[PDB]
Amino acid sequence: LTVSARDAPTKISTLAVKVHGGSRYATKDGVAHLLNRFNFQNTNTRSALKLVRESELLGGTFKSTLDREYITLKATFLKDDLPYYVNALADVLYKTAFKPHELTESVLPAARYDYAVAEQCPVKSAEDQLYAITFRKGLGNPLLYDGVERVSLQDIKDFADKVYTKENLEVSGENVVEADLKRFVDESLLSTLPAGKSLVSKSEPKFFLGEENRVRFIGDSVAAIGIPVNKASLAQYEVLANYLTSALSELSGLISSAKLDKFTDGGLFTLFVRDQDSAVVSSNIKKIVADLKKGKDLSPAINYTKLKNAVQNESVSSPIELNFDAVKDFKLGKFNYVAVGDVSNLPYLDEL
Amino acid sequence: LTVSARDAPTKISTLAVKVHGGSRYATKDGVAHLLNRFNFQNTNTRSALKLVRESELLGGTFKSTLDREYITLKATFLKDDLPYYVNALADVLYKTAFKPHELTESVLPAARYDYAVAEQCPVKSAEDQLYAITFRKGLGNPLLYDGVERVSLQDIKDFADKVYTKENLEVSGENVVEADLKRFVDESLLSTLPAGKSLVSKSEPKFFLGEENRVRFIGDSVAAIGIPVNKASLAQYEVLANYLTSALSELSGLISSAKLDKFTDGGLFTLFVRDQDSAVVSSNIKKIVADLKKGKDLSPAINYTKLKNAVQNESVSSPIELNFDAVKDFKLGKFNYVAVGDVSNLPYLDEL
Amino acid sequence: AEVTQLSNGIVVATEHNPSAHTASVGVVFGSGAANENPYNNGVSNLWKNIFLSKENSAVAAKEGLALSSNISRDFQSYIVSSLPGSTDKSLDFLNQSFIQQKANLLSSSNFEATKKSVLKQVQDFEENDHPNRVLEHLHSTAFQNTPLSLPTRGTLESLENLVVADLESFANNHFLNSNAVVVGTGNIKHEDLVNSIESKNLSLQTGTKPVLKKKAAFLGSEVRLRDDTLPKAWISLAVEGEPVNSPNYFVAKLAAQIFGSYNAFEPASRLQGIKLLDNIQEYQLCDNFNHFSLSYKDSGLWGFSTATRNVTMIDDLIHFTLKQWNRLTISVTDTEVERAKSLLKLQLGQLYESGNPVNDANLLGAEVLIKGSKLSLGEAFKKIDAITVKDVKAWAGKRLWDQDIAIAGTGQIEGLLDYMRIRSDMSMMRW
Amino acid sequence: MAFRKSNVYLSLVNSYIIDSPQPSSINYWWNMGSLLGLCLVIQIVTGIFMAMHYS
Amino acid sequence: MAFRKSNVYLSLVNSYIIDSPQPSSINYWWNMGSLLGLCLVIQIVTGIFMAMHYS
Amino acid sequence: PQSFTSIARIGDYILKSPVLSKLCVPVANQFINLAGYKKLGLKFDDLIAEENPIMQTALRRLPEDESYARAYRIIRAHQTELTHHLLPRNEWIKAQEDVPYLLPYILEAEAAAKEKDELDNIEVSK
Ligand code: HEM
Ligand code: HEM
Ligand code: HEM
Ligand SMILES: COc1c(O)c(C)c(C/C=C(/C)CC/C=C(\C)CC/C=C(\C)CC/C=C(\C)CC/C=C(\C)CCC=C(C)C)c(O)c1OC
Ligand SMILES: COc1c(O)c(C)c(C/C=C(\C)CC/C=C(\C)CC/C=C(\C)CC/C=C(\C)CC/C=C(\C)CCC=C(C)C)c(O)c1OC
């Protein structure tokens, strides 16, 4: 039960509760996605309709977001309604109703919409396979629910009993007095939660190199590569991503996107090439791979990547501390590869 | 233009025209499927409606079939109507109309139904995946048309002109006087076809070993393995297929299907395990590959294989003669692997 | 908090924030898309992409600077962002690359490449972005033959004729000291910024901007871009709204908050305290709608935008939404006004009090080019709290009750009725 | 939906004289049908009131 | 489609008399509506033939 | 058109009163036997009129096994009445089987609709 806050003379406040209950801890496929879409339904003391109508007259909103590591409950409100929104979030983690007709009428139709939206994007598909072939059963779990594995109402109740524990969540706030937040976090239903255990494992996950996968798709062709990164080489791949999508590189015109997703135990580097014509996708990916094998000098991009990292970290409260002062060179070694689209006209791994 | 037939005292005759124009010769994905569905449409001298009405009053039927090697046009009729069906088949290969309205009204909707009924069977999805990862381009080409690659009316016209040549087809008949068939073929429109070139190559197809693939699917789970086979080992894997499915093997109750597909230059061995429970599929495939790695004695199955071979070669007019007499033992080496279904609960290749 | 100084013609305004981790400086000009003509439409779009060109932005990356630029109807801005303590280089970059030396940027093979890329940016906007291209045609039809009707991105037909000599004409007429405000947001002090500007020359041109002959005037009209191959229908509908410098600026904004936004696929969006929702939910009439209130120098627009797949019941959607607008004149309740007050204060506090110094620079620079100062967030809250029910009814009876409207649409809009059937819904015969 | 479309009796009125889709090119010769409807009403009403005094 | 369902006039007869879905357990009290329509026809036909001789 | 919340409120007060329970419950048992719906193989909860939104919500949330059984009892009653007979005595519904299976779903749907009406007519003080 960690509580921290930052103060400021402003009008709006923000409260967040982060739970180590993302897709990488799911016991069944998509069970974490389903728990995300049940977070602000009826509780045992207040209805979903009553909460929406009451907070509108006070000036606040609610949201819940899912990724591969976290489930986040967030509230944005006016600075003087702090105690009201502490208890609203405490009741969600404590006494959610979990009714059989809420899943059939509200939760399942909402999950189908999310899955159908992400399925229409070939870049989201290629990123999912890159996570699947690099890490198989850890970070490689599917993010969204698609019905391939059956998940029942008791499964969602069981999953919530495991991740909603006092040792597995942190409380953060922006433009909030920290002494007042600590008082309200106590004398609340958060202090009466079960004291389970932290699900975080410190050891580096198992990864696999040299894999490949192909998916047929109607639309835009996409070629992507992925590289697992350890904890001591996160800064080197942070500079490379910014350099490859900046005016300092000649390959930035051939690259659609490039990023480094950071975890507390490592990361994954992703690079995507997307075009409507499969002849351009095949030609661009070959030039990028050959050029990266020769080697690149990343020293000119160190100052640029220091400012870009500051932009992203302003919103975040617990970013990874990086140095960037010792990044000198880079040479591509082994990587994974995924091709999505008109695969019959896209290259294989042995041809790159 | 090779013509051959066998006579018999029988009231029904059959005539087949085999063209080396299967999916392994297709210039575009599904272009051979669209030409197969375009076969018995309007020609330049006769309509599709007129052909059906006139043939029904004479007692005959038509059919067109597609596989990875051939496109076959078949006519079953009463014995005395032979000269009518020689010209009818010759007109299809010579003067098909290829009207733009016939593609949107009859040919495209028919191809959509064939694709819809094959995407629901996990065994057919797994077999196509095994062909793709073993041979990449050629025998690994997709069988049916799904619209991933745009195929136009001019592409179907161009493909037909390439495959419908005098040197690329063989004519055979059952319960047909051979002397009479040659005279009718000689004075038909078949003799005026272009003399192109044979599309069959005399070399061996390049293959790959140790590959893997996983596909998510809602329904039954399937696990499969695939072994490329050269010309000298064709008889050894024919005994292995019949030994595993028959009652001579303890593994027969765990194997859903097993077969060897034979070509002129080689073949492919396939084995399938399918069940609605993922745990059953996982345990069965592990036990199968561990038993085959130790070895088998395929001697007690030679006589059984000889009978089964003669059963399926009864209809085929050009069966390659295999020996089966010098088959002693088997030992599993390297193979390809595909998993379809609940892939988050199925084994990986390195665990087999 | 906002501090504004004057210096020989240019205006310096800052919004200091010590907790920020990034400072931002730039220049905002008080001329935009409403200052062009139907033959040079798209000049301000070319100047934006020339500033963000590959060669210009490569020089900025070496020092560790990032560039941004925005084009609107009234203002355009050019911003340089950097870490605190690097503000001296950002001012230097702006001086010698955009203010005093435009010849290297306007070279051949750099103008010809930028023009190639922008011609592609507007080709796919015109055939892929449907909701944002009917809101642009709404401006085109409601302000036709007046400066407030030209699209901000330009026109494809108009952009094929622009040459390099047209870009120098526009720069000479508008990039002037009397039309510019120098802004600084984030972690940067007012004293430091003004001292740096005077330590250098940092002077724009001397002339004054040309004045426009005719002002913007609203006209009730409609334009129909029917396309039966698209799967949806997109419709925008509005009346004449309020200018920026008006006493009814916050009353019109609060009126749009009463009806708000809607998402059919969000469980929490279906529980909002809006009386319109119970009419459009029994039969699914739309997928989403939003109510806006756009203000400019001369006029404004007030209305809503919709997208629906229920193409056979478009008339029901329009009939029910306009009948709820009528209640703003006759029977709006006290609970509806109190709820809209709370949601407007939250929405304003999320736009001016975000964490992006680039967003703040555009907002602060545009409000000074119009009224010479910036109204604080504390004072605006006092003005919103003072609104009463009698204020809403007076404003709605003047702007909404039995007034002319503007309509734009595309997609499957056969079920959208004629102008006179829709205009009849702006009043009730029972009252 | 609107009450004019959901009601059993109003929906027959709406479908015939309110929301009926008409071509935009029909001239004044297409006005004689509505006139014949007014003629029939005139003849019935005057005949009934005259029939109260007729033998 | 059958002619009794595609025709403009026969569709009304079919939807009210021929193919109307009825509950299977309605007793003989549900036969009074059809009797009331026979009474109305009897009154109108006899009244018109008597009106040819009335002053 | 009396709400089931009103019926339950009045009914409970009778059952928790020892004096009223001994004088009213015996009358109600004889009232039910004389009604005679059990002789057609029906429970009381099958007789509630369903052409309103409240009862259409409750019938939607009923589990499948209960929903299939209810459809059989209703069809059987229509055919038995068609013949002007009763069911054989061993097929009659017993008293211990006549349980209010649909009542909890009706009360839950009624409480939600009442809270929606009290929030649409809300008035904020101060
Ligand atoms: C009391 C007698 C009649 C009434 C009330 C009546 C009513 C109508 C009405 C309202 C229309 C549509 C409006 C219009 O077209 O002007 C119409 C159309 C029509 N009527 Fe009549 N009508 C009558 C007699 C007749 C007669 C005697 C004929 C032919 C011998 C006829 C044939 C037609 C035709 C063919 C149309 C459609 C024409 C078109 O739309 O192009 N009607 N009628
Ligand atoms: C389409 C409807 C009708 C038509 C075309 C029609 C036509 C006529 C005509 C041409 C006359 C001769 C009048 C004269 O020459 O002075 C007449 C007379 C008369 N009609 Fe009609 N009629 C109609 C409807 C009715 C109805 C419905 C009634 C009674 C309910 C009625 C009652 C009479 C009477 C009482 C007379 C007596 C003669 C007179 O009053 O002039 N009519 N009718
Ligand atoms: C000439 C006068 C009438 C005629 C021709 C007529 C005709 C009919 C017919 C054919 C039916 C359906 C079949 C049936 O239930 O028997 C019906 C049902 C009905 N009628 Fe009438 N009716 C007349 C008068 C009335 C009156 C005066 C009332 C009430 C004051 C009434 C109320 C009803 C009701 C409530 C039903 C539906 C009953 C049910 O189906 O459970 N009708 N009528
Ligand atoms: C413009 O749109 C229209 C349109 O609006 C109309 C009406 C029509 C006409 C359509 C029709 C079907 C005609 C409608 C009329 C009839 C079918 C016949 C009319 C019937 C009558 C007039 C009978 C009414 C009679 C009386 C009320 C008797 C009067 C006697 C009284 C009141 C006695 C006094 C009472 C006492 C107690 C002493 C159109 O064709 C048309 O174009 C599409
Ligand atoms: C669908 O369920 C129903 C049902 O709903 C109803 C109402 C009935 C009962 C009744 C009907 C269907 C009929 C309804 C009655 C009317 C609409 C009354 C209308 C009046 C008539 C049909 C009679 C009209 C008669 C004449 C005009 C004849 C007058 C005589 C003449 C012209 C002879 C003079 C000739 C010369 C040459 C001088 C059913 O039987 C029935 O089950 C099938």
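Throughout, protein chains are lettered first and strands after them, A, B, ... in sequence-line order, and every chain is numbered starting at 1. Indexing begins at 1, ligand by ligand and atom by atom, following the structure's order.
Considering each of D:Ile44, D:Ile42, D:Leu36, the one bringing a non-hydrogen atom nearest atom 21 (C) of ligand 4 is D:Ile44. In this structure, of D:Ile17, D:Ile26, D:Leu38, D:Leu36, the residue bringing a heavy atom nearest to atom 3 (C) of ligand 1 is D:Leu36. Remark: among candidates D:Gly37, D:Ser20, D:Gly33, the nearest residue to atom 11 (C) of ligand 1 is D:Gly33, based on non-hydrogen atoms.
Nearest non-hydrogen protein atom to atom 17 (C) of ligand 4 is D:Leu40 CD2, 4.6 Å. Ranking the protein heavy atoms by distance from atom 38 (C) of ligand 5 puts E:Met52 CE, 4.6 Å first. Here the heavy atom of the protein found nearest to atom 2 (O) of ligand 4 is D:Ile17 CG2, 3.9 Å. Distance from atom 34 (C) of ligand 4 to its nearest protein heavy atom, with residue and atom name: D:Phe49 CZ, 4.4 Å. Among all non-hydrogen protein atoms, the one lying nearest atom 18 (C) of ligand 5 is E:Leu40 CD2, 3.9 Å. Residue, atom and distance of the protein heavy atom nearest to atom 15 (C) of ligand 4 are D:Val41 CG2, 4.2 Å. From the protein, the heavy atom lying nearest to atom 15 (O) of ligand 1 is D:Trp30 CD1, 3.7 Å. Atom 7 (C) of ligand 5 has as its closest protein heavy atom E:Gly33 O, 4.4 Å. In terms of protein heavy-atom proximity, atom 6 (C) of ligand 4 is nearest to D:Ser34 OG, 4.9 Å. Shortest contact from atom 26 (C) of ligand 5 to any protein heavy atom: E:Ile48 CD1, 4.8 Å. When hydrogens are left out, the protein atom nearest atom 13 (C) of ligand 4 is D:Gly37 CA, 4.6 Å; that is the closest non-hydrogen contact. Among protein heavy atoms, atom 43 (C) of ligand 5 sits closest to E:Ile17 CG1, 4.0 Å. Among protein heavy atoms, atom 23 (C) of ligand 5 sits closest to E:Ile44 CG2, 4.1 Å. Counting protein heavy atoms only, atom 22 (C) of ligand 5 is closest to E:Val41 CG2, 4.2 Å. Here the protein heavy atom with the shortest distance to atom 14 (C) of ligand 5 is E:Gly37 O, 4.6 Å.
Protein heavy atoms come within 4.0 Å of atom 40 (O) of ligand 5. Distance check for atom 9 (C) of ligand 5: a protein heavy atom is found below 4.0 Å. Closer than 4.0 Å to atom 33 (C) of ligand 5 lies at least one heavy atom of the protein. At least one protein heavy atom sits closer than 4.0 Å to atom 5 (C) of ligand 1. Within 4.0 Å of atom 19 (C) of ligand 4, at least one protein heavy atom is present. Under the 4.0 angstrom criterion, atom 3 (C) of ligand 5 counts as lacking any protein heavy-atom contact. Within the 4.0 Å cut-off (strictly below), no protein heavy atom is located near atom 43 (N) of ligand 1. Distance remark: protein heavy atom not present below 4.0 angstrom from atom 26 (C) of ligand 4. Proximity of atom 39 (C) of ligand 1 to the protein is indicated by at least one non-hydrogen atom lying closer than 4.0 angstrom. When distances from atom 9 (C) of ligand 1 to the protein are checked, a heavy atom turns up under 4.0 Å. Distance check on atom 21 (Fe) of ligand 1: every protein heavy atom falls at or beyond the 4.0 Å cut-off.
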E:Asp19/E:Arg4 under salt bridge (charged side-chain N to carboxylate O under 4.0 Å, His left out): CA gap, chis, key distance, verdict: CA-CA 10 Å; E:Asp19 289 345; E:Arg4 76 176 207 278; 2.3 Å; yes

Stepwise salt bridge (charged side-chain N to carboxylate O under 4.0 Å, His left out) check, C:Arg423 with C:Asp402: CA-CA 8 Å; C:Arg423 207 216 163 283; C:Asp402 198 3; 2.9 Å; yes

Worked verdict on C:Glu222 versus C:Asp418 for side chain to side chain contact (heavy atoms under 4.5 Å, CB included): CA-CA 10 Å; C:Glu222 93 205 332; C:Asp418 291 329; over 6 Å; no

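Ionic pairing of C:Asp315 and C:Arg421 is not present here: no N-O contact between side-chain nitrogen and carboxylate oxygen is shorter than 4.0 angstrom. A salt bridge between C:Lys232 and C:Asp287 is present, with a side-chain N of the basic residue lying under 4.0 Å from a carboxylate O of the acidic one.
Residue contact check: E:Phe49 has heavy atoms under 4.0 Å from atoms 33 (C) of ligand 5. Those atoms of ligand 5 with a heavy atom of E:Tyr16 less than 4.0 angstrom away are 1 (C). Taking a cut-off of under 4.0 Å to the non-hydrogen atoms of E:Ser34, the atoms of ligand 5 that pass are 8 (C), 9 (C), 39 (C), 40 (O).
The shortest side-chain heavy-atom distance between E:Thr46 and E:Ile48 does not fall under the 4.5 Å cut-off. Contact of the F:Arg76 side chain with the F:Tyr72 side chain is registered, since non-hydrogen atoms from C-beta on lie closer than 4.5 Å. Put simply, the side chain of C:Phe320 reaches to within 4.5 Å of the side chain of C:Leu285, judged on heavy atoms. Between F:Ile75 and F:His78 the shortest side-chain heavy-atom distance does not fall below 4.5 Å.
For F:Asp98 and F:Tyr37, the side-chain atoms include at least one donor-acceptor pair closer than 3.5 Å. Using modelled atom types, one finds no donor on one side chain facing an acceptor on the other under 3.5 Å when comparing E:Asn14 with E:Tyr9. For the 3.5 Å distance criterion, the side chains of C:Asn310 and C:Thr308 fail to qualify, holding no donor opposite an acceptor. For the 3.5 Å distance criterion, the side chains of B:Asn42 and B:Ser47 qualify, holding a donor opposite an acceptor. Judged purely by distance below 3.5 Å, without hydrogens or angles, the side chains of C:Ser149 and C:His139 never pair a donor atom with an acceptor atom.
Formation of a donor-acceptor pair under 3.5 Å by the D:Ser34 side chain with backbone atoms of D:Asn31 is not found in this model. The backbone N or O of C:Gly411 lies less than 3.5 Å from no partner atom in the side chain of C:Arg226, so there is not a single donor-acceptor pair.
The nearest pair of heavy atoms linking F:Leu102 to F:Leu59 is CD2-CD2, 3.9 Å.
Taking CG of C:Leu225 as the reference point, atom CH2 of C:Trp234 lies at 12.0 Å (rounded to 0.5 Å).
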